[PDB]
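Colleague: Contents of work_28.txt (compact mmCIF, N, CA and C atoms) are below:
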```txt
# COMPACT_ATOMS: atom_id res chain seq x y z
N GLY A 1 31.41 -76.22 -24.41
CA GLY A 1 31.48 -74.87 -24.94
C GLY A 1 31.50 -73.82 -23.85
N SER A 2 32.42 -73.96 -22.90
CA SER A 2 32.53 -73.02 -21.80
C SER A 2 33.79 -72.17 -21.93
N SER A 3 33.68 -71.08 -22.68
CA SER A 3 34.81 -70.18 -22.89
C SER A 3 35.02 -69.27 -21.69
N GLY A 4 36.23 -68.76 -21.54
CA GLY A 4 36.54 -67.88 -20.42
C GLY A 4 35.81 -66.56 -20.52
N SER A 5 36.33 -65.55 -19.81
CA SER A 5 35.72 -64.23 -19.81
C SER A 5 36.16 -63.43 -21.04
N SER A 6 35.30 -63.38 -22.05
CA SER A 6 35.60 -62.65 -23.27
C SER A 6 35.31 -61.16 -23.11
N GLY A 7 35.61 -60.39 -24.14
CA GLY A 7 35.38 -58.95 -24.09
C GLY A 7 33.93 -58.59 -24.38
N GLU A 8 33.57 -57.35 -24.10
CA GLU A 8 32.21 -56.88 -24.33
C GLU A 8 32.13 -56.01 -25.58
N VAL A 9 31.18 -56.31 -26.45
CA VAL A 9 31.00 -55.55 -27.68
C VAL A 9 29.53 -55.48 -28.08
N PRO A 10 29.10 -54.30 -28.54
CA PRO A 10 27.71 -54.07 -28.97
C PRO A 10 27.37 -54.82 -30.26
N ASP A 11 26.08 -55.06 -30.47
CA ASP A 11 25.63 -55.76 -31.66
C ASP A 11 24.36 -55.11 -32.22
N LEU A 12 24.31 -54.96 -33.54
CA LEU A 12 23.16 -54.35 -34.20
C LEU A 12 22.10 -55.40 -34.50
N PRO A 13 20.83 -54.97 -34.52
CA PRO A 13 19.69 -55.85 -34.79
C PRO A 13 19.66 -56.31 -36.25
N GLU A 14 19.58 -57.62 -36.45
CA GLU A 14 19.53 -58.18 -37.80
C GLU A 14 18.77 -57.26 -38.75
N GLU A 15 19.45 -56.81 -39.80
CA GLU A 15 18.84 -55.92 -40.78
C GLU A 15 17.57 -56.54 -41.36
N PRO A 16 16.57 -55.69 -41.62
CA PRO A 16 15.28 -56.13 -42.17
C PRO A 16 15.40 -56.58 -43.62
N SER A 17 14.33 -57.15 -44.15
CA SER A 17 14.31 -57.63 -45.53
C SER A 17 13.87 -56.53 -46.48
N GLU A 18 13.82 -56.85 -47.77
CA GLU A 18 13.42 -55.89 -48.79
C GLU A 18 11.90 -55.85 -48.92
N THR A 19 11.24 -56.88 -48.41
CA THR A 19 9.78 -56.97 -48.47
C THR A 19 9.15 -56.46 -47.18
N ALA A 20 9.88 -56.58 -46.08
CA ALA A 20 9.38 -56.14 -44.78
C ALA A 20 8.77 -54.75 -44.88
N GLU A 21 7.54 -54.61 -44.38
CA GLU A 21 6.84 -53.34 -44.42
C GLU A 21 7.51 -52.32 -43.49
N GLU A 22 7.08 -51.07 -43.59
CA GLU A 22 7.64 -50.01 -42.76
C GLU A 22 9.16 -50.11 -42.69
N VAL A 23 9.79 -50.32 -43.84
CA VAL A 23 11.24 -50.44 -43.92
C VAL A 23 11.80 -49.60 -45.06
N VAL A 24 12.77 -48.75 -44.74
CA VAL A 24 13.40 -47.89 -45.73
C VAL A 24 14.82 -48.34 -46.03
N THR A 25 15.43 -47.73 -47.04
CA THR A 25 16.80 -48.07 -47.43
C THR A 25 17.74 -46.89 -47.20
N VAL A 26 18.50 -46.95 -46.11
CA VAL A 26 19.44 -45.89 -45.78
C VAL A 26 20.87 -46.29 -46.13
N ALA A 27 21.64 -45.34 -46.66
CA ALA A 27 23.02 -45.60 -47.04
C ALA A 27 23.95 -44.55 -46.44
N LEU A 28 25.00 -45.01 -45.77
CA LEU A 28 25.97 -44.12 -45.15
C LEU A 28 27.14 -43.84 -46.09
N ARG A 29 27.47 -42.56 -46.26
CA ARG A 29 28.57 -42.17 -47.13
C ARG A 29 29.79 -41.75 -46.31
N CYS A 30 30.86 -42.53 -46.42
CA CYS A 30 32.09 -42.24 -45.69
C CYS A 30 32.92 -41.19 -46.42
N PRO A 31 33.71 -40.42 -45.65
CA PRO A 31 34.56 -39.37 -46.20
C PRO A 31 35.73 -39.93 -47.00
N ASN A 32 35.83 -41.25 -47.05
CA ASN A 32 36.91 -41.91 -47.78
C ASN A 32 36.51 -42.15 -49.23
N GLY A 33 35.20 -42.26 -49.47
CA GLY A 33 34.72 -42.48 -50.82
C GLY A 33 33.76 -43.66 -50.90
N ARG A 34 33.93 -44.62 -50.01
CA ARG A 34 33.08 -45.81 -49.98
C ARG A 34 31.68 -45.46 -49.48
N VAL A 35 30.72 -46.31 -49.81
CA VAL A 35 29.34 -46.09 -49.39
C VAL A 35 28.66 -47.41 -49.03
N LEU A 36 28.10 -47.47 -47.82
CA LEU A 36 27.42 -48.67 -47.36
C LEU A 36 25.91 -48.47 -47.33
N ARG A 37 25.17 -49.42 -47.89
CA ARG A 37 23.72 -49.35 -47.93
C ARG A 37 23.09 -50.44 -47.06
N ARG A 38 22.08 -50.06 -46.28
CA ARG A 38 21.40 -51.01 -45.41
C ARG A 38 19.96 -50.57 -45.15
N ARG A 39 19.10 -51.53 -44.85
CA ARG A 39 17.69 -51.25 -44.58
C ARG A 39 17.46 -50.98 -43.10
N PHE A 40 16.42 -50.22 -42.80
CA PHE A 40 16.09 -49.88 -41.42
C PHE A 40 14.60 -49.57 -41.27
N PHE A 41 13.94 -50.26 -40.35
CA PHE A 41 12.52 -50.06 -40.11
C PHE A 41 12.20 -48.58 -39.93
N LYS A 42 10.92 -48.24 -40.05
CA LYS A 42 10.48 -46.86 -39.90
C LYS A 42 10.03 -46.58 -38.48
N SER A 43 10.05 -47.62 -37.64
CA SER A 43 9.64 -47.49 -36.25
C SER A 43 10.84 -47.22 -35.35
N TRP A 44 12.00 -47.72 -35.76
CA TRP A 44 13.22 -47.53 -34.99
C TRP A 44 13.48 -46.05 -34.72
N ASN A 45 14.39 -45.77 -33.80
CA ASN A 45 14.73 -44.39 -33.45
C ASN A 45 16.13 -44.04 -33.93
N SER A 46 16.27 -42.84 -34.50
CA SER A 46 17.55 -42.38 -35.00
C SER A 46 18.70 -42.89 -34.13
N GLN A 47 18.44 -42.98 -32.83
CA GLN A 47 19.45 -43.44 -31.88
C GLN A 47 20.17 -44.67 -32.42
N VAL A 48 19.40 -45.65 -32.88
CA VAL A 48 19.97 -46.88 -33.43
C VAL A 48 21.10 -46.58 -34.41
N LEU A 49 20.95 -45.48 -35.15
CA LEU A 49 21.96 -45.08 -36.12
C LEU A 49 23.33 -44.93 -35.46
N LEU A 50 23.38 -44.15 -34.39
CA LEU A 50 24.62 -43.93 -33.66
C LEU A 50 25.37 -45.24 -33.44
N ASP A 51 24.62 -46.29 -33.10
CA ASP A 51 25.21 -47.60 -32.86
C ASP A 51 25.82 -48.16 -34.15
N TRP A 52 25.07 -48.07 -35.24
CA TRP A 52 25.53 -48.58 -36.53
C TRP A 52 26.82 -47.88 -36.95
N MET A 53 26.96 -46.62 -36.56
CA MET A 53 28.15 -45.84 -36.90
C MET A 53 29.37 -46.36 -36.15
N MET A 54 29.19 -46.65 -34.87
CA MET A 54 30.28 -47.16 -34.04
C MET A 54 30.76 -48.52 -34.54
N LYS A 55 29.90 -49.19 -35.31
CA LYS A 55 30.23 -50.50 -35.85
C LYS A 55 31.17 -50.38 -37.05
N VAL A 56 30.81 -49.50 -37.98
CA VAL A 56 31.62 -49.28 -39.18
C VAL A 56 33.03 -48.82 -38.81
N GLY A 57 33.15 -48.15 -37.67
CA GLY A 57 34.44 -47.66 -37.23
C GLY A 57 34.46 -46.16 -37.03
N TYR A 58 33.28 -45.58 -36.83
CA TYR A 58 33.17 -44.14 -36.64
C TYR A 58 32.38 -43.82 -35.37
N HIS A 59 32.84 -42.82 -34.63
CA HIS A 59 32.18 -42.42 -33.39
C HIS A 59 31.22 -41.25 -33.64
N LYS A 60 30.22 -41.12 -32.78
CA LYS A 60 29.24 -40.05 -32.91
C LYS A 60 29.84 -38.71 -32.49
N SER A 61 30.64 -38.73 -31.42
CA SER A 61 31.27 -37.52 -30.92
C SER A 61 32.35 -37.03 -31.87
N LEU A 62 32.55 -37.77 -32.96
CA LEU A 62 33.55 -37.41 -33.96
C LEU A 62 32.90 -37.08 -35.29
N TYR A 63 31.75 -37.70 -35.55
CA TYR A 63 31.02 -37.47 -36.80
C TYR A 63 29.52 -37.35 -36.54
N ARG A 64 28.79 -36.88 -37.54
CA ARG A 64 27.35 -36.71 -37.42
C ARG A 64 26.64 -37.18 -38.69
N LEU A 65 25.34 -37.41 -38.59
CA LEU A 65 24.54 -37.86 -39.73
C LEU A 65 23.82 -36.69 -40.38
N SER A 66 24.02 -36.53 -41.69
CA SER A 66 23.38 -35.45 -42.43
C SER A 66 22.48 -36.00 -43.53
N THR A 67 21.61 -35.14 -44.06
CA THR A 67 20.69 -35.55 -45.11
C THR A 67 21.27 -35.28 -46.49
N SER A 68 20.56 -35.70 -47.53
CA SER A 68 21.01 -35.51 -48.90
C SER A 68 20.62 -34.13 -49.41
N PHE A 69 21.16 -33.76 -50.57
CA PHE A 69 20.86 -32.46 -51.17
C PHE A 69 19.36 -32.20 -51.18
N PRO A 70 18.95 -31.08 -50.58
CA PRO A 70 19.87 -30.15 -49.93
C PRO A 70 20.48 -30.73 -48.66
N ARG A 71 21.81 -30.73 -48.59
CA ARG A 71 22.52 -31.25 -47.43
C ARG A 71 22.32 -30.35 -46.22
N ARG A 72 22.10 -30.97 -45.06
CA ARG A 72 21.90 -30.22 -43.82
C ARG A 72 22.33 -31.04 -42.61
N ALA A 73 22.97 -30.38 -41.66
CA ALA A 73 23.44 -31.05 -40.45
C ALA A 73 22.26 -31.47 -39.57
N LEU A 74 21.96 -32.77 -39.58
CA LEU A 74 20.87 -33.31 -38.79
C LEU A 74 21.35 -33.74 -37.41
N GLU A 75 20.45 -33.71 -36.43
CA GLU A 75 20.78 -34.11 -35.07
C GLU A 75 19.74 -35.07 -34.50
N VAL A 76 20.12 -36.33 -34.36
CA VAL A 76 19.22 -37.35 -33.83
C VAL A 76 18.34 -36.78 -32.73
N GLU A 77 17.16 -37.38 -32.56
CA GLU A 77 16.22 -36.93 -31.54
C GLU A 77 15.83 -38.08 -30.61
N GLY A 78 16.16 -37.95 -29.33
CA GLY A 78 15.84 -38.98 -28.37
C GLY A 78 14.35 -39.09 -28.11
N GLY A 79 13.62 -39.62 -29.09
CA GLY A 79 12.18 -39.76 -28.95
C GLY A 79 11.47 -39.87 -30.28
N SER A 80 11.94 -39.11 -31.27
CA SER A 80 11.35 -39.13 -32.60
C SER A 80 11.85 -40.31 -33.41
N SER A 81 10.94 -40.96 -34.13
CA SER A 81 11.30 -42.12 -34.95
C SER A 81 12.00 -41.68 -36.23
N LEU A 82 12.61 -42.63 -36.92
CA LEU A 82 13.32 -42.35 -38.16
C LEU A 82 12.40 -41.66 -39.16
N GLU A 83 11.19 -42.18 -39.30
CA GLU A 83 10.21 -41.61 -40.23
C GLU A 83 9.63 -40.31 -39.67
N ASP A 84 9.68 -40.16 -38.35
CA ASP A 84 9.16 -38.97 -37.70
C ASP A 84 10.06 -37.77 -37.96
N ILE A 85 11.37 -38.01 -37.98
CA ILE A 85 12.33 -36.94 -38.22
C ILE A 85 12.39 -36.58 -39.70
N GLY A 86 12.15 -37.57 -40.56
CA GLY A 86 12.18 -37.33 -41.99
C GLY A 86 12.81 -38.48 -42.76
N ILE A 87 12.58 -39.70 -42.28
CA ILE A 87 13.13 -40.88 -42.93
C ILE A 87 12.03 -41.87 -43.31
N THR A 88 10.91 -41.34 -43.79
CA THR A 88 9.78 -42.17 -44.19
C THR A 88 10.05 -42.85 -45.52
N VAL A 89 10.96 -42.28 -46.30
CA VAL A 89 11.31 -42.84 -47.60
C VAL A 89 12.82 -42.97 -47.76
N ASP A 90 13.24 -43.87 -48.64
CA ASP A 90 14.66 -44.10 -48.88
C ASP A 90 15.43 -42.78 -48.89
N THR A 91 16.48 -42.70 -48.08
CA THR A 91 17.29 -41.49 -48.00
C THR A 91 18.77 -41.83 -47.91
N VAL A 92 19.62 -40.85 -48.20
CA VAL A 92 21.06 -41.05 -48.15
C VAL A 92 21.70 -40.16 -47.09
N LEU A 93 22.52 -40.77 -46.23
CA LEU A 93 23.19 -40.04 -45.16
C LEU A 93 24.67 -39.85 -45.49
N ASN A 94 25.25 -38.77 -44.96
CA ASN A 94 26.66 -38.48 -45.19
C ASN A 94 27.38 -38.18 -43.87
N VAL A 95 28.24 -39.10 -43.46
CA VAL A 95 28.99 -38.95 -42.22
C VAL A 95 29.98 -37.79 -42.32
N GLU A 96 29.65 -36.68 -41.67
CA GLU A 96 30.51 -35.50 -41.68
C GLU A 96 31.23 -35.33 -40.35
N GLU A 97 32.34 -34.60 -40.37
CA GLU A 97 33.12 -34.36 -39.16
C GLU A 97 32.43 -33.33 -38.26
N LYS A 98 32.14 -33.73 -37.03
CA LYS A 98 31.49 -32.84 -36.07
C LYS A 98 32.32 -31.58 -35.85
N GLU A 99 31.65 -30.48 -35.55
CA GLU A 99 32.32 -29.21 -35.30
C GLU A 99 32.92 -29.17 -33.90
N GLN A 100 34.23 -29.40 -33.81
CA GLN A 100 34.92 -29.39 -32.53
C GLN A 100 36.11 -28.44 -32.56
N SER A 101 36.71 -28.22 -31.39
CA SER A 101 37.86 -27.32 -31.28
C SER A 101 38.73 -27.70 -30.09
N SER A 102 40.02 -27.88 -30.34
CA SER A 102 40.96 -28.25 -29.29
C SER A 102 41.77 -27.03 -28.84
N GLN A 103 41.10 -25.90 -28.71
CA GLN A 103 41.75 -24.66 -28.29
C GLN A 103 40.73 -23.68 -27.72
N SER A 104 41.23 -22.54 -27.23
CA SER A 104 40.36 -21.52 -26.65
C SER A 104 41.13 -20.22 -26.44
N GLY A 105 40.42 -19.18 -26.01
CA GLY A 105 41.05 -17.90 -25.77
C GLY A 105 40.07 -16.74 -25.91
N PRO A 106 39.57 -16.53 -27.14
CA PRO A 106 38.62 -15.45 -27.43
C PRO A 106 37.25 -15.70 -26.81
N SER A 107 36.63 -14.64 -26.32
CA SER A 107 35.31 -14.74 -25.69
C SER A 107 34.39 -13.63 -26.18
N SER A 108 33.22 -14.01 -26.68
CA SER A 108 32.25 -13.05 -27.19
C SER A 108 31.11 -12.86 -26.20
N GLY A 109 30.60 -11.64 -26.12
CA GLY A 109 29.51 -11.34 -25.21
C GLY A 109 28.18 -11.17 -25.92
```
Here is a file; write its structure as structure tokens.
Modeller:
Amino acid sequence: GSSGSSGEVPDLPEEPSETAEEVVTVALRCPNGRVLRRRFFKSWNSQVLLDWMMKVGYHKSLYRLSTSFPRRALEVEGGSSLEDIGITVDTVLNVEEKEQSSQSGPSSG
């Protein structure tokens, strides 16, 4: 079983169980209409989310994670846990298009 030099690809940590403690149920809502649901410990860091997004086929620099109604543009925190930011209980996320611009000209003071 000695394969040549394969490509490099990231991998997500085996999803937790339904009985596992300190575990919530997060679901990502795609702009296409489909919705994926998965569990995630309450100790993990929002950061892990960014990785899960790149797996489904979406980039962070292209989309962002938002909360449910009231909907609000959330921004991962390099240090705060999922439950620390506000993911202590089952919540629903909505992958929205990040605010970008491929132009310039006007300048405000």
Colleague: Using only C-alpha atoms, which of the listed residues (A:36, A:76, A:81, A:64) sits closest to residue 98 in chain A?
Modeller: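 Residue with the minimum atom-to-atom distance to residue 98 in chain A: A:64.
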Colleague: Have a look at CA of residue 57 in chain A and CA of residue 44 in chain A and let me know their distance in Å, one decimal.
Modeller: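 The value is 21.3 Å.
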Colleague: Pick out the residues sitting within 8 Å of range 85-87 of chain A, and hand them over as a PyMOL selection string; count all atoms listed in the file, and ignore anything fewer than 5 positions along from it in its own chain.
Modeller: chain A and resi 23-25+41-42+46+77+79-80
Colleague: Residues of range 4-57 of chain A that have any atom at most 10 Å from an atom of range 90-94 of chain A: could you tabulate them with the shortest-distance atom pair and the distance in Å to one decimal, using only C-alpha atoms, ordered by chain and increasing number, as JSON lines?
Modeller:
```
{"residue": "A:23", "atom": "CA", "partner": "A:90", "partner_atom": "CA", "distance": 8.7}
{"residue": "A:24", "atom": "CA", "partner": "A:90", "partner_atom": "CA", "distance": 5.1}
{"residue": "A:25", "atom": "CA", "partner": "A:90", "partner_atom": "CA", "distance": 4.7}
{"residue": "A:26", "atom": "CA", "partner": "A:91", "partner_atom": "CA", "distance": 5.4}
{"residue": "A:27", "atom": "CA", "partner": "A:92", "partner_atom": "CA", "distance": 5.1}
{"residue": "A:28", "atom": "CA", "partner": "A:93", "partner_atom": "CA", "distance": 4.9}
{"residue": "A:29", "atom": "CA", "partner": "A:94", "partner_atom": "CA", "distance": 4.6}
{"residue": "A:30", "atom": "CA", "partner": "A:94", "partner_atom": "CA", "distance": 6.6}
{"residue": "A:31", "atom": "CA", "partner": "A:94", "partner_atom": "CA", "distance": 8.0}
{"residue": "A:35", "atom": "CA", "partner": "A:94", "partner_atom": "CA", "distance": 9.1}
{"residue": "A:36", "atom": "CA", "partner": "A:93", "partner_atom": "CA", "distance": 9.9}
{"residue": "A:37", "atom": "CA", "partner": "A:92", "partner_atom": "CA", "distance": 8.7}
{"residue": "A:39", "atom": "CA", "partner": "A:90", "partner_atom": "CA", "distance": 8.9}
{"residue": "A:40", "atom": "CA", "partner": "A:90", "partner_atom": "CA", "distance": 9.5}
```
Colleague: Range 7-106 of chain A: which residues are strand (DSSP E or B) by DSSP, as JSON, numbers by chain?
Modeller: {"A": [23, 24, 25, 26, 27, 28, 29, 35, 36, 37, 38, 39, 40, 41, 45, 63, 64, 65, 66, 73, 81, 91, 92, 93, 94, 95, 96, 97]}
Colleague: CA of residue 63 in chain A and CA of residue 97 in chain A, how far apart in Å?
Modeller: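 So the two atoms, CA of residue 97 in chain A and CA of residue 63 in chain A, lie 4.4 Å apart.
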